[PDB]
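Okay, so here's the structure we're looking at.
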Amino acid sequence: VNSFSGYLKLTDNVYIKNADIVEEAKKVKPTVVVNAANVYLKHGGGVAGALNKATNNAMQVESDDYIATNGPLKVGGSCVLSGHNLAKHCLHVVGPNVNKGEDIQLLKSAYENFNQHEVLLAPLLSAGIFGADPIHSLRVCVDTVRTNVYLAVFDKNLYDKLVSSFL
Ligand SMILES: CS(=O)(=O)[C@@H]1CCCN(c2ncnc3[nH]c4cc(F)ccc4c23)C1
C-alpha cells in the first residue's frame, strides 16, 4: 500500500492522474520524482522548469555542479540527484526531444531507467515541449516500465484523450 490517491489504473503496474507533478510531489513526497531533463540539466521550462522553480533553484545549483564534474548525460540516459523539498530523490531522465531531431526510438531506452526504482512519480517522457506524441509515450511506458509508475498529466484535455484512447 502506498500514499498515491485518485489514480486510474491502466495496467498491473501503471497508474495515471490529471495532476500537477509539482503539487503531487509536494503532497506525496515520493521516494522518486522523475524530471523531464535535457542532457545539460538546464531546467528552463516544461516539467523541469516547474520542478526547479518549486525548489527555489536548488535543483539547478545541484545540477550545475553535477555537469561540471561529469559532463552531459546521454539522450536516453539518467542520473539520480536530490529530490530537495519535493521527493527523496529526483531521477533526471532525458527523453528524445523531437524539436531537436532526436531519434524517437531512444524513448524506450529513456523509460528503461524507471526499472531501477520500485515506485516512481513521473511525467510522460518526451511529451510537452519535447515534441513527441503523448499517446505514443504512454504506450512505450506501459510496454517498457515494469516497476510501479504513477503518471501525472498536467493538461486535463490530454489526460482524457490518453485514457479514452488507451488500448
Ligand atoms: C516536455 S513536458 O515536461 O513539458 C510534458 C508536456 C506537457 C506538460 N508536462 C507536465 N506533465 C506533468 N506535470 C506537469 N506540471 C507542469 C508544470 C509546468 F509549468 C509545465 C509543465 C508541467 C507538467 C509534460
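Just so we're on the same page: first chain in the C-alpha cells is A, next is B, and so on; residues restart at 1 for each chain, and ligands are numbered from 1 in the order they show up.
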
Near-residue 122 of chain A list (6 Å; only C-alpha atoms; drop same-chain fewer than 5 positions) as a short mmCIF file (atom, residue, chain, number, x, y, z; two decimals) with N, CA and C atoms, in the first residue's frame:
```cif
data_model
loop_
_atom_site.label_atom_id
_atom_site.label_comp_id
_atom_site.auth_asym_id
_atom_site.auth_seq_id
_atom_site.Cartn_x
_atom_site.Cartn_y
_atom_site.Cartn_z
N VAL A 33 10.80 11.24 -7.69
CA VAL A 33 10.11 12.01 -8.73
C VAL A 33 11.01 12.05 -9.95
N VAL A 34 10.42 11.82 -11.12
CA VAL A 34 11.15 11.88 -12.39
C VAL A 34 11.05 13.29 -12.96
N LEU A 151 1.78 8.23 -13.16
CA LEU A 151 1.96 9.26 -14.18
C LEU A 151 1.04 10.44 -13.88
#
```

Quick one: which segment 129-155 of chain A residues come within 10 Å of segment 90-110 of chain A, and what is the nearest atom pair for each with the distance in Å to one decimal, counting only C-alpha atoms, rows ordered by chain and ascending number, as a Markdown table?
```
| residue | atom | partner | partner_atom | distance |
| --- | --- | --- | --- | --- |
| A:129 | CA | A:99 | CA | 7.9 |
| A:130 | CA | A:97 | CA | 4.4 |
| A:131 | CA | A:98 | CA | 4.9 |
| A:132 | CA | A:98 | CA | 5.9 |
| A:133 | CA | A:98 | CA | 9.5 |
| A:136 | CA | A:107 | CA | 9.6 |
| A:137 | CA | A:107 | CA | 7.5 |
| A:139 | CA | A:108 | CA | 10.0 |
| A:140 | CA | A:108 | CA | 6.2 |
| A:141 | CA | A:108 | CA | 7.6 |
| A:143 | CA | A:108 | CA | 8.7 |
| A:144 | CA | A:108 | CA | 6.6 |
| A:145 | CA | A:108 | CA | 9.0 |
```

I need the residues in segment 92-159 of chain A that are alpha helix (DSSP H) according to DSSP; give them as a VMD selection string. chain A and resid 106 to 112 134 to 144 156 to 159

For the residues in that selection, give me C-alpha atoms as a PDB file, in the first residue's frame.
```pdb
ATOM      1  CA  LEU A 106      15.510   6.401 -27.748  1.00  0.00           C
ATOM      2  CA  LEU A 107      12.237   6.850 -25.854  1.00  0.00           C
ATOM      3  CA  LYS A 108      12.262   3.161 -24.880  1.00  0.00           C
ATOM      4  CA  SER A 109      15.828   3.482 -23.548  1.00  0.00           C
ATOM      5  CA  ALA A 110      14.731   6.531 -21.534  1.00  0.00           C
ATOM      6  CA  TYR A 111      11.856   4.631 -19.898  1.00  0.00           C
ATOM      7  CA  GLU A 112      14.166   1.688 -19.064  1.00  0.00           C
ATOM      8  CA  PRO A 134       1.939  11.704 -25.710  1.00  0.00           C
ATOM      9  CA  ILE A 135      -0.241   8.738 -26.686  1.00  0.00           C
ATOM     10  CA  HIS A 136       2.899   7.076 -28.122  1.00  0.00           C
ATOM     11  CA  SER A 137       4.836   7.962 -24.977  1.00  0.00           C
ATOM     12  CA  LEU A 138       2.177   6.280 -22.833  1.00  0.00           C
ATOM     13  CA  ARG A 139       2.303   3.143 -24.998  1.00  0.00           C
ATOM     14  CA  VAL A 140       6.100   2.937 -24.688  1.00  0.00           C
ATOM     15  CA  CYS A 141       5.820   3.496 -20.930  1.00  0.00           C
ATOM     16  CA  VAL A 142       3.336   0.641 -20.496  1.00  0.00           C
ATOM     17  CA  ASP A 143       5.385  -1.688 -22.711  1.00  0.00           C
ATOM     18  CA  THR A 144       8.750  -0.845 -21.066  1.00  0.00           C
ATOM     19  CA  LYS A 156      -6.943  17.754 -18.306  1.00  0.00           C
ATOM     20  CA  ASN A 157      -7.850  17.619 -22.010  1.00  0.00           C
ATOM     21  CA  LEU A 158      -4.819  15.460 -22.878  1.00  0.00           C
ATOM     22  CA  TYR A 159      -5.483  13.268 -19.832  1.00  0.00           C
TER      23      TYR A 159
END
```

Which residues of chain A come within 9 Å of ligand 1, and what is each one's closest atom pair and distance in Å (one decimal), counting only C-alpha atoms and all ligand atoms, sorted by chain and residue number, as a Markdown table?
```
| residue | atom | partner | partner_atom_place_in_ligand_line | distance |
| --- | --- | --- | --- | --- |
| A:18 | CA | ligand 1 | 12 (C) | 8.2 |
| A:19 | CA | ligand 1 | 13 (N) | 6.3 |
| A:20 | CA | ligand 1 | 15 (N) | 4.4 |
| A:21 | CA | ligand 1 | 13 (N) | 4.2 |
| A:22 | CA | ligand 1 | 15 (N) | 6.1 |
| A:23 | CA | ligand 1 | 15 (N) | 8.3 |
| A:24 | CA | ligand 1 | 13 (N) | 8.7 |
| A:35 | CA | ligand 1 | 3 (O) | 7.7 |
| A:36 | CA | ligand 1 | 3 (O) | 5.3 |
| A:37 | CA | ligand 1 | 3 (O) | 8.2 |
| A:45 | CA | ligand 1 | 20 (C) | 6.6 |
| A:46 | CA | ligand 1 | 4 (O) | 3.4 |
| A:47 | CA | ligand 1 | 3 (O) | 3.8 |
| A:48 | CA | ligand 1 | 3 (O) | 6.4 |
| A:49 | CA | ligand 1 | 19 (F) | 6.6 |
| A:50 | CA | ligand 1 | 19 (F) | 4.5 |
| A:51 | CA | ligand 1 | 17 (C) | 7.4 |
| A:53 | CA | ligand 1 | 19 (F) | 8.9 |
| A:95 | CA | ligand 1 | 1 (C) | 8.8 |
| A:97 | CA | ligand 1 | 1 (C) | 8.3 |
| A:122 | CA | ligand 1 | 12 (C) | 7.5 |
| A:123 | CA | ligand 1 | 12 (C) | 4.8 |
| A:124 | CA | ligand 1 | 24 (C) | 5.9 |
| A:125 | CA | ligand 1 | 1 (C) | 6.8 |
| A:126 | CA | ligand 1 | 1 (C) | 5.4 |
| A:127 | CA | ligand 1 | 5 (C) | 4.2 |
| A:128 | CA | ligand 1 | 6 (C) | 2.3 |
| A:129 | CA | ligand 1 | 1 (C) | 4.2 |
| A:130 | CA | ligand 1 | 1 (C) | 4.5 |
| A:131 | CA | ligand 1 | 1 (C) | 7.1 |
| A:132 | CA | ligand 1 | 1 (C) | 8.4 |
| A:134 | CA | ligand 1 | 6 (C) | 8.1 |
| A:151 | CA | ligand 1 | 12 (C) | 7.7 |
| A:152 | CA | ligand 1 | 12 (C) | 4.9 |
| A:153 | CA | ligand 1 | 12 (C) | 4.3 |
| A:154 | CA | ligand 1 | 13 (N) | 4.2 |
| A:155 | CA | ligand 1 | 8 (C) | 6.8 |
| A:158 | CA | ligand 1 | 7 (C) | 8.7 |
```

To one decimal in Å, tell me the separation between atom CA of residue 57 of chain A and atom CA of residue 72 of chain A. 19.1 Å

For residue 86 of chain A, please output as a PyMOL selection string all residues within 6 Å (counting only C-alpha atoms; exclusion window: fewer than 2 positions along the same chain). chain A and resi 25-26+29+83-84

Å distance separating atom CA of residue 113 of chain A from atom CA of residue 161 of chain A, one decimal place: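 Between these atoms lies a distance of 26.0 Å.
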
Pull the strand (DSSP E) assignments for segment 10-123 of chain A out of DSSP run on the backbone, and list those residues as a PyMOL selection string. chain A and resi 14-18+32-36+78-82+89-93+119-122

Between A:8, A:167, A:87, A:41, which has the minimum distance to residue 71 of chain A (counting only C-alpha atoms)?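 Comparing A:8, A:167, A:87, A:41 against residue 71 of chain A, the winner is A:41.
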
Nearest to residue 80 of chain A among A:32, A:68, A:120, A:58, with distances taken over only C-alpha atoms: which residue is it? A:32

Quick one: distance from atom CA of residue 10 of chain A to atom CA of residue 146 of chain A in Å, one decimal?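 Spanning atom CA of residue 10 of chain A to atom CA of residue 146 of chain A is a straight-line distance of 12.8 Å.
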
Between A:116, A:43, A:55, A:160, smallest distance to residue 78 of chain A by only C-alpha atoms belongs to A:116

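For the choices A:162, A:88, A:59, A:40, the atom-to-atom distance to residue 74 of chain A is smallest for A:40 when using only C-alpha atoms.
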
Who sits within 7 Å of residue 13 of chain A, only C-alpha atoms, same chain under 6 positions skipped, as a PyMOL selection string: chain A and resi 146-149

Expected file contents, prior selection, N, CA, C and O atoms, as a PDB file, in the first residue's frame:
```
ATOM      1  N   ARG A 146       8.343  -1.869 -15.853  1.00  0.00           N
ATOM      2  CA  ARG A 146       7.822  -2.994 -15.093  1.00  0.00           C
ATOM      3  C   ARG A 146       7.636  -2.673 -13.617  1.00  0.00           C
ATOM      4  O   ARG A 146       6.911  -3.394 -12.925  1.00  0.00           O
ATOM      5  N   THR A 147       8.265  -1.608 -13.128  1.00  0.00           N
ATOM      6  CA  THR A 147       8.082  -1.147 -11.765  1.00  0.00           C
ATOM      7  C   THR A 147       6.828  -0.278 -11.705  1.00  0.00           C
ATOM      8  O   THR A 147       6.145  -0.053 -12.709  1.00  0.00           O
ATOM      9  N   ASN A 148       6.477   0.173 -10.510  1.00  0.00           N
ATOM     10  CA  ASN A 148       5.195   0.839 -10.300  1.00  0.00           C
ATOM     11  C   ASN A 148       5.334   2.328 -10.575  1.00  0.00           C
ATOM     12  O   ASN A 148       6.051   3.042  -9.861  1.00  0.00           O
ATOM     13  N   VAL A 149       4.642   2.797 -11.602  1.00  0.00           N
ATOM     14  CA  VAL A 149       4.776   4.171 -12.062  1.00  0.00           C
ATOM     15  C   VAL A 149       3.429   4.872 -11.991  1.00  0.00           C
ATOM     16  O   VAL A 149       2.409   4.350 -12.464  1.00  0.00           O
TER      17      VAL A 149
END
```
